[PDB]
Number of protein chains: 2
Amino acid sequence: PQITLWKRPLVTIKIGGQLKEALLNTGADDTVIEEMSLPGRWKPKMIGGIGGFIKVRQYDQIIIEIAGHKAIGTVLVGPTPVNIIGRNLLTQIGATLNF
Amino acid sequence: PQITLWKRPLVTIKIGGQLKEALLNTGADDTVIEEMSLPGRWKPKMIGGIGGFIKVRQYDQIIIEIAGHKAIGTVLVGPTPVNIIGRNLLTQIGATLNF
Ligand SMILES: CC(C)CN(C[C@@H](O)[C@H](Cc1ccccc1)NC(=O)O[C@H]1CO[C@H]2OCC[C@H]21)S(=O)(=O)c1ccc(N)cc1
Ligand SMILES: [Cl-]
Ligand code: NA
């Protein structure tokens, strides 16, 4: 796809069998999803956004489908205003910015 | 150009006579720049993301040069940790996400 930016670049994702909406976010180093259950152990992470730093749960090697594209990588879980797909998974699906 | 997302998509911008580095941010509706003076009227706004909200000044009809391409639109000025070029200006330079 070639996605223009007149609207939010929202796509459907699938994680743990569940469809969710998420924003493709070139401004995010990391993928951050709202509270949900994920398998395995997690490790601590602090991430800094516009308003300050927060604690999140870091899960590694999570299978996620993004707009029909398969990715396997790190997902952060915490109080984000919207689910965000960051560069760690945008690279896996081959996304680029073009102008 | 085509910008890969292995690293943060940083570009040079010219705004208010000043060169700055900024992040191309498809996850942001509005452009937000670190504290600086801009001409004309403004009004206060609150914007929020991970870690909460910050108060900014909203300036309308500001010209920015983004990696060489001139665009005009609203610029928010405030204590953002990173200068961010949001969709409101990315659209004007014809930026798309491709995968
Ligand atoms: C949270 C998003 C819905 C919205 N944001 C833009 C977003 O891309 C920020 C943009 C950004 C980038 C760096 C620092 C602050 C904000 N990225 C961000 O918080 O990413 C976090 C997850 O990965 C980590 O990598 C970057 C910080 C972490 S935001 O900065 O909160 C925001 C809200 C409204 C406007 N107009 C502009 C920005
Ligand atoms: Cl267009
Ligand atoms: Na103005």
Side-chain angles (χ1 to χ4, degrees), chain A residues 1-11 13 21-34 45-56 65-71 73 76-99, chain B residues 1-11 13 21-34 45-56 65-71 73 76-99:
Chain A
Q2 171 158 106
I3 306 184
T4 58
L5 299 169
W6 305 100
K7 301 199 268 132
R8 293 182 176 140
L10 293 168
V11 301
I13 67 167
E21 183 173 79
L23 188 66
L24 304 180
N25 203 161
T26 58
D29 298 345
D30 314 313
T31 294
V32 192
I33 68 182
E34 295 170 358
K45 193 174 178 54
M46 296 209 65
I47 57 175
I50 197 81
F53 273 88
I54 68 170
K55 301 192 155 183
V56 298
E65 201 184 78
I66 304 156
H69 293 79
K70 177 97 116 232
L76 309 179
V77 178
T80 170
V82 72
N83 297 323
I84 65 194
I85 307 306
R87 293 185 298 97
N88 76 126
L89 305 179
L90 296 169
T91 53
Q92 292 197 17
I93 68 173
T96 60
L97 279 163
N98 292 261
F99 52 94
Chain B
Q2 176 164 100
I3 305 177
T4 63
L5 294 174
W6 294 115
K7 301 267 207 246
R8 292 188 176 195
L10 291 180
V11 296
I13 67 167
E21 301 289 287
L23 178 70
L24 301 181
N25 195 339
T26 61
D29 306 338
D30 318 304
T31 294
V32 193
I33 307 298
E34 69 205 335
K45 188 176 176 80
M46 289 280 269
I47 59 169
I50 285 170
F53 286 76
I54 62 165
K55 186 178 189 196
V56 297
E65 184 162 328
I66 301 160
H69 292 79
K70 271 174 241 234
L76 307 183
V77 180
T80 175
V82 174
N83 298 319
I84 289 184
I85 303 305
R87 293 189 298 100
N88 78 124
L89 296 178
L90 297 173
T91 58
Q92 303 297 286
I93 71 176
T96 62
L97 282 167
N98 293 260
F99 61 104

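Scope of the values below: all heavy atoms of this structure, side chains included, with no hydrogens, waters or symmetry mates. Reminder, nothing fancy here: chain letters follow the sequence lines and each chain counts from 1.
- A side-chain contact (heavy atoms from CB on, under 4.5 Å) with B/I50 holds for exactly one of A/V56, A/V82, A/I84; it is A/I84.
- Remark: side-chain polar atoms of B/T26 are paired, donor with acceptor, to backbone N or O of A/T26 under 3.5 angstrom.
- Between B/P81 and A/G49 the shortest heavy-atom distance is CG-O, 3.6 Å.
- Between chain B and the options A/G48, A/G52, A/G86, the largest number of non-hydrogen pairs under 4.5 Å is found for A/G52.
- The distance from atom OG1 of A/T4 to atom CZ of B/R87, rounded to the nearest 0.5 Å, is 9.5 Å.
- Taking B/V11 as the reference, B/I13, B/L24, B/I66, B/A67 meet the side-chain contact (heavy atoms from CB on, under 4.5 Å) condition, with sequence neighbours excluded.
- No side-chain heavy atom of A/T96 sits less than 4.5 Å from a side-chain heavy atom of B/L97.
- Among the candidates B/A28, B/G27, B/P9, B/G78, the residue making the largest number of heavy-atom pairs closer than 4.5 Å to chain A is B/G27.
- The side-chain contact (heavy atoms from CB on, under 4.5 Å) check on B/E21 picks up B/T12, with sequence neighbours excluded.
- B/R8 contributes no side-chain N or O that, together with a main-chain N or O of A/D29, makes up a donor-acceptor pair within less than 3.5 Å.
- Inter-residue side-chain proximity for B/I3 and A/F99 is flagged as met; some heavy-atom pair is nearer than 4.5 Å.
- The parts of B/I93 that come within reach of chain A are both its backbone and its side chain, each placing non-hydrogen atoms under 4.5 angstrom from that chain.
- If you take CG on B/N25 and CG on A/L5, they are separated by 10.0 Å, rounding to the nearest 0.5 Å.
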